[PDB]
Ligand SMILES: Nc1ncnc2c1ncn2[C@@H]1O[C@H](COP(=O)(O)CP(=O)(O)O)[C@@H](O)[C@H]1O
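The chain below stands alone and is given in structure tokens; this is the form deposited without the ligand.
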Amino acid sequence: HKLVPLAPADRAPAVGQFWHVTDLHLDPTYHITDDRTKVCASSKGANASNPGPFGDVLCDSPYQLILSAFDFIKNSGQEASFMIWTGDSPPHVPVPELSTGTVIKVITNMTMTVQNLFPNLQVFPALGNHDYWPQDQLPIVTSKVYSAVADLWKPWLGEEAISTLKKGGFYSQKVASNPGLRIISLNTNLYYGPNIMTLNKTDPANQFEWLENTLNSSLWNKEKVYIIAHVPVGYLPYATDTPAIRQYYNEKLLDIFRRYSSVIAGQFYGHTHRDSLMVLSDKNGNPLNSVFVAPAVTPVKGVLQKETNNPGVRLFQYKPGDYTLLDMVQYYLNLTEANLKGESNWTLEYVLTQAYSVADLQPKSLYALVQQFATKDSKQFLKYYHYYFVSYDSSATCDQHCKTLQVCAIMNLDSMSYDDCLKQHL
């Protein structure tokens, strides 16, 4: 009778779970019509290829598609303690067809959709490069869009988070359901090539200084951190020697992450609309940090592209109170199948540990996997390349040059190591 906190009953080890959704790209104009050049503004005058109620590969997301993704989550039977949402809500239309008010309108719509369906779920958003008007021009001082999302996302964020969000589009925030876990939501659009507003700035919106201080505080307060952002660090895996953010910023951000690798238990990005892994390593090739790029809900592609993604959403498993990543479950919609019969069947695509026969998502485990990808005719890599497009096309092939680009980007996030990998493997 000493009022002792009740000790857990010895049982099978519980795991925590959270959702990651990204790149919704709602197109409010979507509607089926005979003139296929009028199905969606986002096809920019192209004929929709084969449109249905859940969308088209040349179009951004019909509302019904986004709705079906969130209804799948809600009825999935999966318990989750939070969700990360890494941005990009307006669709791909020319700048003159949007405005600041319209951008805010679409972000509001996506935010309220989530809040209505998931009223008890803490959500951690990050801004995407399309979450501003004109696109990509995210500023280094406060702005209407920053002020708007600060209000929209107040239910999820504390006063501190709201203040930094309003100033620069970034924040950190303790996870109410998970003591000892902090989310750091970066505005990596400040580092994105097309952003005129940050040309020649060594530390736009002071995000690097803020990030270094935030991580140091977490290190000393014994927290763990999940980093989330829209545009990823590292190299585009389909292009040669092309960093996803400006090289100066990539190198500087990576050095921070390497220095605080003991505190960072995960990094989660979108923007590419593909399913990609990266492993941050030191200069000598030792793995330090696992990086997960998540595919988009939208299936949009340009006419010039051959492949695109199926819609996807994903879920992570972690060790409770510790926050080590245990597994990832990717879900998807076979878009063609769903448009043909008119009914969504969001379903399991793969479970990372089972697909690749790894114990967990720790850097050394993923590093060992990717050194398998490097082997000639690796069946593991073939699977990875199938999932890269979220199983859009099992006959898509990756020739020697393509695979070199993929594997080099998976393993080498900084310029010196990426270039050395090209020297050895081109």
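When you see a residue number, it is the position in the sequence shown, counting from 1.
Beyond the structure shown, there is the form deposited with the ligand bound, which is absent from this document and is the topic of what follows.
Student: Find out whether any non-hydrogen atom of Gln305 is located within 4.5 angstroms of the ligand in the deposited complex, and reply yes or no.
Tutor: Contact with the ligand, yes.
Student: Flag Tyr192 as yes or no: does it have a non-hydrogen atom within 4.5 angstroms of any non-hydrogen atom of the ligand in the deposited complex?
Tutor: Looking in the deposited complex, residue contacts with the ligand include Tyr192, since a heavy atom lies within 4.5 Å.
Student: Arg274 near the ligand in the deposited complex, any heavy atom under 4.5 Å?
Tutor: Residue-level check for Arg274: yes, a contact with the ligand.
Student: Answer yes if any heavy atom of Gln317 is within 4.5 Å of a heavy atom of the ligand in the deposited complex; otherwise answer no.
Tutor: No - in the deposited complex, heavy atoms of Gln317 and the ligand never come within 4.5 Å of each other.
Student: Thinking of the ligand in the deposited complex, which stretch from 397-405, 358-366, 23-31, 375-383 has heavy atoms inside 4.5 Å of it?
Tutor: Selected stretch: 23-31.
Student: Taking the ligand in the deposited complex as the reference, which of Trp133, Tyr323, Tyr238, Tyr350 has a non-hydrogen atom within 4.5 Å?
Tutor: Looking at the other structure, the residue within range turns out to be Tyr238.
Student: Within 4.5 Å of the ligand in the deposited complex, heavy atoms considered, which of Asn250, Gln330, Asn129, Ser290?
Tutor: It is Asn129.
Student: Scan 76-107 and note down the residues that get a heavy atom within 4.5 Å of the ligand in the deposited complex; none is a fine answer too.
Tutor: The stretch touches the partner through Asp88, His92.
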